[PDB]
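Data from start_39.txt: compact mmCIF, N, CA and C atoms and all ligand atoms
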```txt
# COMPACT_ATOMS: atom_id res chain seq x y z
N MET A 1 121.87 103.86 175.04
CA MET A 1 123.21 103.84 174.39
C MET A 1 124.29 103.46 175.39
N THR A 2 125.43 103.02 174.87
CA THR A 2 126.55 102.63 175.72
C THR A 2 127.86 103.05 175.05
N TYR A 3 128.84 103.42 175.87
CA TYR A 3 130.14 103.84 175.38
C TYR A 3 131.12 102.73 175.72
N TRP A 4 132.08 102.48 174.83
CA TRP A 4 133.06 101.42 175.06
C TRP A 4 134.45 101.86 174.66
N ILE A 5 135.46 101.27 175.29
CA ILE A 5 136.83 101.52 174.88
C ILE A 5 137.28 100.16 174.35
N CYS A 6 137.80 100.16 173.13
CA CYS A 6 138.25 98.95 172.43
C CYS A 6 139.77 98.92 172.39
N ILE A 7 140.34 97.79 172.79
CA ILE A 7 141.78 97.63 172.90
C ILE A 7 142.38 96.88 171.72
N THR A 8 143.31 97.51 171.02
CA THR A 8 143.93 96.87 169.86
C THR A 8 145.38 97.33 169.73
N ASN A 9 145.98 97.10 168.57
CA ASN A 9 147.35 97.53 168.33
C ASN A 9 147.41 98.31 167.02
N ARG A 10 148.57 98.86 166.68
CA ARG A 10 148.68 99.66 165.48
C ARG A 10 148.39 98.91 164.18
N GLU A 11 148.83 97.66 164.08
CA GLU A 11 148.59 96.91 162.86
C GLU A 11 147.09 96.67 162.66
N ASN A 12 146.39 96.26 163.71
CA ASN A 12 144.97 96.02 163.56
C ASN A 12 144.13 97.29 163.51
N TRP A 13 144.70 98.41 163.98
CA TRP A 13 144.01 99.69 163.92
C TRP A 13 143.86 100.01 162.42
N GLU A 14 144.89 99.69 161.64
CA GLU A 14 144.83 99.93 160.21
C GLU A 14 143.74 99.05 159.58
N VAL A 15 143.64 97.81 160.04
CA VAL A 15 142.62 96.89 159.52
C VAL A 15 141.23 97.43 159.85
N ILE A 16 141.06 97.91 161.08
CA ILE A 16 139.78 98.47 161.52
C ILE A 16 139.38 99.65 160.63
N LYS A 17 140.32 100.56 160.38
CA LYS A 17 140.02 101.72 159.55
C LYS A 17 139.65 101.34 158.12
N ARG A 18 140.28 100.29 157.59
CA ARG A 18 140.02 99.86 156.23
C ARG A 18 138.75 99.04 156.06
N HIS A 19 138.44 98.20 157.04
CA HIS A 19 137.28 97.33 156.95
C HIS A 19 136.01 97.77 157.69
N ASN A 20 136.13 98.76 158.57
CA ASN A 20 134.97 99.20 159.35
C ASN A 20 134.36 98.03 160.10
N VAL A 21 135.23 97.31 160.79
CA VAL A 21 134.84 96.17 161.60
C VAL A 21 135.60 96.18 162.91
N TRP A 22 134.88 95.92 164.00
CA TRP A 22 135.50 95.75 165.31
C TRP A 22 135.16 94.30 165.66
N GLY A 23 136.20 93.51 165.94
CA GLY A 23 135.99 92.12 166.28
C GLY A 23 136.71 91.71 167.55
N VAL A 24 136.21 90.64 168.16
CA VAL A 24 136.80 90.12 169.39
C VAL A 24 136.82 88.59 169.34
N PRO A 25 137.66 87.96 170.18
CA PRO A 25 137.77 86.50 170.23
C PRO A 25 136.63 85.95 171.08
N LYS A 26 136.47 84.63 171.04
CA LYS A 26 135.41 83.96 171.78
C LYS A 26 135.29 84.32 173.26
N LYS A 27 136.42 84.42 173.96
CA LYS A 27 136.36 84.74 175.39
C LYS A 27 135.73 86.09 175.69
N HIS A 28 135.62 86.95 174.68
CA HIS A 28 135.03 88.27 174.87
C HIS A 28 133.73 88.48 174.11
N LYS A 29 133.22 87.40 173.54
CA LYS A 29 131.97 87.43 172.78
C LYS A 29 130.80 87.87 173.65
N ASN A 30 130.82 87.47 174.92
CA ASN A 30 129.74 87.84 175.83
C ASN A 30 129.67 89.35 176.00
N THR A 31 130.82 90.00 176.10
CA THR A 31 130.83 91.45 176.26
C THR A 31 130.33 92.11 174.98
N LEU A 32 130.81 91.64 173.83
CA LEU A 32 130.38 92.21 172.57
C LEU A 32 128.88 92.05 172.33
N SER A 33 128.30 90.99 172.89
CA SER A 33 126.88 90.73 172.71
C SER A 33 126.00 91.82 173.29
N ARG A 34 126.57 92.68 174.12
CA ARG A 34 125.84 93.78 174.75
C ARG A 34 125.83 95.03 173.87
N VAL A 35 126.73 95.06 172.89
CA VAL A 35 126.86 96.22 172.01
C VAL A 35 125.67 96.36 171.07
N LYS A 36 125.21 97.60 170.88
CA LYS A 36 124.07 97.89 170.02
C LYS A 36 124.36 99.02 169.04
N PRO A 37 123.64 99.05 167.90
CA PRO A 37 123.84 100.11 166.91
C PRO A 37 123.64 101.45 167.62
N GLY A 38 124.50 102.42 167.33
CA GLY A 38 124.37 103.71 167.97
C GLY A 38 125.43 103.88 169.04
N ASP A 39 125.89 102.76 169.60
CA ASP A 39 126.93 102.81 170.63
C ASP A 39 128.19 103.45 170.06
N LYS A 40 129.00 104.04 170.94
CA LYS A 40 130.25 104.67 170.53
C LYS A 40 131.43 103.84 171.00
N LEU A 41 132.44 103.73 170.15
CA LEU A 41 133.65 102.96 170.46
C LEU A 41 134.86 103.88 170.44
N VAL A 42 135.58 103.92 171.55
CA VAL A 42 136.81 104.71 171.63
C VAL A 42 137.91 103.69 171.31
N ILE A 43 138.70 103.95 170.28
CA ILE A 43 139.75 103.02 169.89
C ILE A 43 141.09 103.37 170.55
N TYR A 44 141.65 102.38 171.22
CA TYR A 44 142.90 102.50 171.96
C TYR A 44 143.95 101.53 171.45
N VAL A 45 145.19 101.99 171.32
CA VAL A 45 146.29 101.10 170.96
C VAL A 45 147.30 100.98 172.11
N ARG A 46 147.67 99.73 172.39
CA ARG A 46 148.55 99.48 173.52
C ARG A 46 149.97 99.97 173.24
N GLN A 47 150.79 99.95 174.30
CA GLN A 47 152.20 100.24 174.12
C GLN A 47 152.89 99.17 173.27
N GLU A 48 153.64 99.66 172.27
CA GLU A 48 154.41 98.76 171.43
C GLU A 48 155.84 99.27 171.22
N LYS A 49 156.62 98.45 170.48
CA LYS A 49 157.96 98.87 170.10
C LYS A 49 158.14 98.82 168.59
N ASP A 50 158.82 99.78 167.96
CA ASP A 50 159.00 99.65 166.52
C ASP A 50 160.16 98.70 166.27
N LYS A 51 160.44 98.44 164.99
CA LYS A 51 161.50 97.52 164.61
C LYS A 51 162.87 97.89 165.17
N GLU A 52 163.09 99.18 165.40
CA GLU A 52 164.37 99.62 165.93
C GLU A 52 164.41 99.66 167.46
N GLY A 53 163.34 99.20 168.09
CA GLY A 53 163.29 99.16 169.54
C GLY A 53 162.79 100.41 170.23
N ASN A 54 162.25 101.36 169.47
CA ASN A 54 161.73 102.60 170.05
C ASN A 54 160.34 102.37 170.60
N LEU A 55 160.10 102.85 171.82
CA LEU A 55 158.82 102.67 172.48
C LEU A 55 157.72 103.54 171.88
N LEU A 56 156.58 102.91 171.59
CA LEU A 56 155.42 103.59 171.05
C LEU A 56 154.37 103.58 172.15
N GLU A 57 154.15 104.75 172.74
CA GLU A 57 153.27 104.90 173.91
C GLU A 57 151.81 104.55 173.56
N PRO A 58 151.06 104.11 174.60
CA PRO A 58 149.64 103.83 174.40
C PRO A 58 148.87 105.10 174.06
N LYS A 59 147.96 104.95 173.07
CA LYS A 59 147.28 106.12 172.55
C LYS A 59 145.81 105.84 172.28
N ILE A 60 145.00 106.92 172.39
CA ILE A 60 143.67 106.88 171.79
C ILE A 60 143.77 107.40 170.34
N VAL A 61 143.24 106.61 169.39
CA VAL A 61 143.45 106.99 167.99
C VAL A 61 142.13 107.29 167.26
N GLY A 62 140.98 107.10 167.89
CA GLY A 62 139.75 107.43 167.19
C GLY A 62 138.48 107.08 167.93
N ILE A 63 137.37 107.52 167.36
CA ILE A 63 136.05 107.25 167.90
C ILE A 63 135.20 106.78 166.73
N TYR A 64 134.50 105.67 166.93
CA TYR A 64 133.63 105.10 165.91
C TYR A 64 132.23 104.89 166.46
N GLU A 65 131.28 104.74 165.56
CA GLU A 65 129.91 104.47 165.96
C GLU A 65 129.53 103.10 165.41
N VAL A 66 128.86 102.31 166.23
CA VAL A 66 128.42 100.97 165.83
C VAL A 66 127.22 101.08 164.88
N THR A 67 127.26 100.36 163.76
CA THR A 67 126.17 100.42 162.79
C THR A 67 125.42 99.10 162.60
N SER A 68 125.83 98.05 163.30
CA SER A 68 125.15 96.76 163.16
C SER A 68 125.07 96.02 164.48
N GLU A 69 124.20 95.01 164.51
CA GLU A 69 124.06 94.17 165.68
C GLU A 69 125.26 93.24 165.59
N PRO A 70 125.61 92.58 166.70
CA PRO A 70 126.75 91.66 166.64
C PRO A 70 126.48 90.55 165.63
N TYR A 71 127.52 90.08 164.97
CA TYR A 71 127.39 88.99 164.01
C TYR A 71 128.64 88.12 164.07
N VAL A 72 128.66 87.06 163.27
CA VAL A 72 129.78 86.13 163.25
C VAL A 72 130.33 86.02 161.83
N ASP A 73 131.64 86.18 161.68
CA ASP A 73 132.27 86.12 160.37
C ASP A 73 133.73 85.78 160.62
N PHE A 74 134.20 84.69 160.02
CA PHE A 74 135.57 84.23 160.22
C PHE A 74 136.59 84.67 159.17
N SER A 75 136.23 85.66 158.36
CA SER A 75 137.15 86.13 157.33
C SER A 75 138.46 86.57 157.98
N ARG A 76 139.57 86.25 157.33
CA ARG A 76 140.88 86.59 157.86
C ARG A 76 141.28 88.00 157.46
N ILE A 77 141.01 88.96 158.34
CA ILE A 77 141.38 90.35 158.08
C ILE A 77 142.34 90.90 159.13
N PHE A 78 142.23 90.42 160.37
CA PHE A 78 143.10 90.89 161.45
C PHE A 78 144.36 90.04 161.58
N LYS A 79 145.39 90.63 162.17
CA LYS A 79 146.65 89.92 162.40
C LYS A 79 146.61 89.45 163.86
N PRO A 80 146.61 88.12 164.09
CA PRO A 80 146.57 87.58 165.45
C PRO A 80 147.55 88.31 166.35
N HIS A 81 147.04 88.99 167.37
CA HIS A 81 147.90 89.79 168.24
C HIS A 81 148.85 89.04 169.16
N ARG A 82 148.68 87.73 169.28
CA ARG A 82 149.58 86.94 170.13
C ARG A 82 150.22 85.81 169.33
N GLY A 83 150.31 86.00 168.01
CA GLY A 83 150.93 85.01 167.15
C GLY A 83 150.16 83.74 166.83
N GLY A 84 148.88 83.70 167.18
CA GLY A 84 148.08 82.52 166.89
C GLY A 84 147.45 82.57 165.51
N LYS A 85 146.26 81.99 165.39
CA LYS A 85 145.53 81.97 164.13
C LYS A 85 144.15 82.59 164.31
N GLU A 86 143.98 83.26 165.44
CA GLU A 86 142.73 83.92 165.80
C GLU A 86 142.16 84.81 164.69
N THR A 87 140.85 84.71 164.47
CA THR A 87 140.20 85.53 163.46
C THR A 87 139.33 86.66 164.04
N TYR A 88 139.07 86.64 165.35
CA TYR A 88 138.23 87.66 166.00
C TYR A 88 136.93 87.74 165.21
N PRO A 89 136.19 86.62 165.14
CA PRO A 89 135.01 86.37 164.31
C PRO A 89 133.74 87.09 164.83
N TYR A 90 133.70 87.36 166.15
CA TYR A 90 132.49 88.05 166.58
C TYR A 90 132.65 89.57 166.52
N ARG A 91 131.79 90.11 165.63
CA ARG A 91 132.04 91.47 165.15
C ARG A 91 130.79 92.36 165.15
N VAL A 92 131.08 93.67 165.09
CA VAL A 92 130.05 94.63 164.71
C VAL A 92 130.59 95.55 163.62
N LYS A 93 129.70 95.95 162.70
CA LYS A 93 130.11 96.94 161.72
C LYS A 93 130.17 98.33 162.36
N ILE A 94 131.04 99.20 161.88
CA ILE A 94 131.19 100.52 162.47
C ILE A 94 131.45 101.58 161.40
N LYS A 95 131.41 102.84 161.81
CA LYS A 95 131.70 103.96 160.91
C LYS A 95 132.46 105.00 161.73
N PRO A 96 133.42 105.69 161.11
CA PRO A 96 134.19 106.69 161.86
C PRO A 96 133.45 107.96 162.26
N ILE A 97 133.81 108.48 163.42
CA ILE A 97 133.26 109.73 163.94
C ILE A 97 134.43 110.72 164.03
N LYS A 98 135.55 110.25 164.56
CA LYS A 98 136.72 111.07 164.84
C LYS A 98 138.02 110.28 164.70
N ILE A 99 138.98 110.88 163.97
CA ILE A 99 140.30 110.27 163.87
C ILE A 99 141.39 111.23 164.37
N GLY A 100 142.10 110.78 165.42
CA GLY A 100 143.13 111.63 165.99
C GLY A 100 144.26 110.81 166.63
N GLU A 101 144.90 111.41 167.65
CA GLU A 101 146.03 110.75 168.28
C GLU A 101 146.48 111.49 169.54
N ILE A 102 146.05 110.96 170.70
CA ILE A 102 146.49 111.55 171.96
C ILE A 102 147.05 110.50 172.92
N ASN A 103 148.12 110.86 173.64
CA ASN A 103 148.68 109.91 174.59
C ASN A 103 147.67 109.57 175.69
N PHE A 104 147.56 108.29 176.01
CA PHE A 104 146.62 107.82 177.02
C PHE A 104 147.06 107.99 178.47
N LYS A 105 148.32 107.70 178.75
CA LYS A 105 148.83 107.78 180.11
C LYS A 105 148.47 109.04 180.90
N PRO A 106 148.60 110.23 180.30
CA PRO A 106 148.31 111.39 181.16
C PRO A 106 146.84 111.46 181.60
N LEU A 107 146.00 110.53 181.09
CA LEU A 107 144.57 110.72 181.28
C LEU A 107 144.01 109.89 182.44
N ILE A 108 144.82 108.90 182.87
CA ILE A 108 144.32 107.93 183.83
C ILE A 108 143.71 108.57 185.09
N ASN A 109 144.34 109.66 185.57
CA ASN A 109 143.90 110.24 186.85
C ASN A 109 142.46 110.77 186.81
N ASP A 110 142.03 111.04 185.59
CA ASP A 110 140.71 111.62 185.38
C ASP A 110 139.70 110.72 184.69
N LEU A 111 140.08 109.47 184.47
CA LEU A 111 139.19 108.50 183.85
C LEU A 111 138.62 107.63 184.96
N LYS A 112 137.31 107.73 185.15
CA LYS A 112 136.62 106.98 186.19
C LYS A 112 136.74 105.46 186.07
N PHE A 113 136.78 104.93 184.85
CA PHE A 113 136.87 103.48 184.73
C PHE A 113 138.21 102.94 185.23
N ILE A 114 139.20 103.81 185.37
CA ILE A 114 140.49 103.38 185.91
C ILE A 114 140.36 103.55 187.43
N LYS A 115 139.90 102.50 188.09
CA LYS A 115 139.71 102.55 189.55
C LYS A 115 141.06 102.50 190.28
N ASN A 116 141.93 101.64 189.73
CA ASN A 116 143.25 101.46 190.33
C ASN A 116 144.34 102.28 189.63
N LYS A 117 144.55 103.53 190.14
CA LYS A 117 145.44 104.48 189.46
C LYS A 117 146.91 104.01 189.43
N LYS A 118 147.36 103.40 190.52
CA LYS A 118 148.77 102.98 190.60
C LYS A 118 149.16 101.92 189.55
N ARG A 119 148.25 101.03 189.16
CA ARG A 119 148.54 100.06 188.13
C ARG A 119 147.40 100.04 187.14
N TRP A 120 147.25 101.16 186.43
CA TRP A 120 146.17 101.33 185.48
C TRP A 120 146.06 100.22 184.44
N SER A 121 147.20 99.65 184.07
CA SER A 121 147.22 98.59 183.06
C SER A 121 146.38 97.37 183.40
N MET A 122 146.11 97.16 184.69
CA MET A 122 145.31 96.00 185.10
C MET A 122 143.89 96.07 184.55
N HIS A 123 143.44 97.27 184.20
CA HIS A 123 142.10 97.44 183.66
C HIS A 123 142.04 97.09 182.17
N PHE A 124 143.21 96.87 181.57
CA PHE A 124 143.29 96.52 180.15
C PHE A 124 143.71 95.08 179.95
N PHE A 125 144.43 94.54 180.93
CA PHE A 125 144.92 93.17 180.86
C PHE A 125 143.81 92.14 180.65
N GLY A 126 144.02 91.27 179.67
CA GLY A 126 143.05 90.23 179.38
C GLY A 126 141.68 90.71 178.96
N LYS A 127 141.63 91.85 178.28
CA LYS A 127 140.37 92.40 177.82
C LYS A 127 140.47 92.90 176.39
N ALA A 128 139.35 92.84 175.67
CA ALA A 128 139.30 93.33 174.30
C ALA A 128 138.55 94.66 174.31
N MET A 129 137.58 94.78 175.22
CA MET A 129 136.81 96.00 175.30
C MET A 129 136.10 96.08 176.65
N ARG A 130 135.76 97.29 177.06
CA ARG A 130 135.04 97.45 178.31
C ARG A 130 134.21 98.71 178.25
N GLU A 131 133.15 98.75 179.05
CA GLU A 131 132.26 99.90 179.06
C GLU A 131 132.92 101.13 179.66
N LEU A 132 132.66 102.28 179.05
CA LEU A 132 133.19 103.56 179.50
C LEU A 132 132.07 104.41 180.09
N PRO A 133 132.30 105.01 181.25
CA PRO A 133 131.26 105.85 181.85
C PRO A 133 131.08 107.04 180.91
N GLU A 134 129.88 107.60 180.87
CA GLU A 134 129.62 108.73 179.99
C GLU A 134 130.62 109.87 180.18
N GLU A 135 130.97 110.16 181.43
CA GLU A 135 131.92 111.24 181.71
C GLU A 135 133.30 110.98 181.10
N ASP A 136 133.72 109.72 181.08
CA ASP A 136 135.01 109.37 180.50
C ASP A 136 134.96 109.58 178.99
N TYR A 137 133.85 109.18 178.37
CA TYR A 137 133.71 109.36 176.94
C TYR A 137 133.77 110.85 176.60
N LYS A 138 133.02 111.66 177.34
CA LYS A 138 133.00 113.10 177.09
C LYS A 138 134.38 113.74 177.16
N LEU A 139 135.17 113.34 178.14
CA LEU A 139 136.51 113.89 178.28
C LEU A 139 137.39 113.50 177.09
N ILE A 140 137.36 112.22 176.72
CA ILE A 140 138.15 111.75 175.60
C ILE A 140 137.74 112.42 174.29
N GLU A 141 136.44 112.53 174.06
CA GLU A 141 135.94 113.15 172.83
C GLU A 141 136.45 114.59 172.69
N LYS A 142 136.45 115.31 173.81
CA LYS A 142 136.90 116.70 173.82
C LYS A 142 138.40 116.84 173.57
N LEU A 143 139.17 115.90 174.10
CA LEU A 143 140.63 115.93 173.96
C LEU A 143 141.15 115.39 172.63
N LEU A 144 140.38 114.51 172.00
CA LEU A 144 140.80 113.94 170.72
C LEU A 144 140.54 114.94 169.61
N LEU A 145 141.58 115.69 169.24
CA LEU A 145 141.45 116.72 168.22
C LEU A 145 141.55 116.13 166.81
CA CA B 201 145.11 82.28 169.90
CA CA B 202 141.88 82.23 170.23
```

Rewrite the structure of this file - the entire thing - as structure tokens.
Ligand SMILES: [Ca+2]
Ligand SMILES: [Ca+2]
Amino acid sequence: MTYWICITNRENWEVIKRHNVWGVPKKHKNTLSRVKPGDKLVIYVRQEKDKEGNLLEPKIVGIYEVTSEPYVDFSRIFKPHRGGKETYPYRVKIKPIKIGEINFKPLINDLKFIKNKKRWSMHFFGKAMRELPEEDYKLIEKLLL
């Protein structure tokens, strides 16, 4: 088995919850190809701003379990996160395990995958998902009420 942290935003988090699909663009297809049924996905949403300019801190919002092998499907369900026409066609089916909401920032000091504590964001930049050490998954699972 393998644990992963998946990077998305609030709008697509809603799509994920409704469709039970985790998808990534072509540049990250190689990483997704390693995912197998049974794997756990920690869902993370980046920092955003609401319409009134209020900052929405980065959060862990849930844990899902992978239920299918990777597949390809170009159905338009996600909102292109950078304003393009991206469909995030390479996907796995998933099912919910846990739905919650905890701030991510206070956790960096204790998350092993964050090697560079001073600029933790570098571990998320240009990535859709990355493997989580078992210890990191265990800590997040316990904290996500
Ligand atoms: Ca694009
Ligand atoms: Ca693209």

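Among all protein and nucleic acid residues, the ones that lie within 9 Å of ligand CA 202 (chain B) when counting only C-alpha atoms and all ligand atoms are residues 25, 26, 27, 80, 84, 85, 86, 87 and 88 of chain A.
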
Handout entry: Residue set, stretch 6-56 of chain A restricted to alpha helix (DSSP H), as number ranges by chain
Key = A: 10-19, 29-32

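For the set A:82, A:36, A:7, A:18, the residue with the smallest atom-to-atom gap to ligand CA 201 (chain B) is A:82, counting all atoms listed in the file.
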
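Nearest to residue A:68 of all the residues A:134, A:22, A:52, A:110 is A:22, counting only C-alpha atoms.
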
Exercise for the section: Kindly indicate which residue among A:42, A:24, A:60, A:77 lies nearest to residue A:132, using only C-alpha atoms for the distances. Expected result: A:42

Handout entry: Residue with smallest distance to residue A:19 - pool A:102, A:93, A:121, A:65, counting all atoms listed in the file
Key = A:93

Practice task
List every protein, DNA or RNA residue with an atom no more than 10 Å from (136.3, 107.4, 165.2) in the file's coordinates, counting only C-alpha atoms, and format the result as a PyMOL selection string.
Solution key: chain A and resi 17+40-43+60-65+94-100+141+144
